[PDB]
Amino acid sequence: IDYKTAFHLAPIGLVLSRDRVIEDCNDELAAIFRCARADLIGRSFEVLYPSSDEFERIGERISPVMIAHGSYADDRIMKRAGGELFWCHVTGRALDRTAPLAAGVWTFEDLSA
């Protein structure tokens, strides 16, 4: 199993992000959000939140923690395509902690499942 196959086979949603936009993701991510990978490539994380306000609020919660610690994890309500709300465990590591919401690796796991 090479790194590409690992990324795509992974049992959790994985994202390579830059500036809160999904640059690459796996099928597990697509599945959690009830869409296709193609729906998510080049898409702002905003669309996965219950609202734009939530996307803003949680971004402001992420930044200081990521800067201070170099990693981030939380649980939050997120929104599937079609509107269904669900609890989701999310973890993140920024490429540079002082640029917390820039390039990074992000994980998503459905907690209702």
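Start at 1 and count along the sequence shown; that's the residue number.
When 22-30 is weighed against 61-69, 61-69 comes out higher, by mean CA B-factor as recorded in the entry.
When all modelled residues of the chain are sorted by CA temperature factor, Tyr3 is found within the highest third. Ranked within its chain, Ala103 lands in the middle third, by CA B factor from the PDB record. Ranked by Cα temperature factor within the chain, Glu54 sits in the middle third according to the deposited record. For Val47, the recorded CA B-factor ranks within the middle third of the chain. Only modelled residues enter the ranking. Looking at the C-alpha B-factors along this chain, the one for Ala36 belongs to the highest third.
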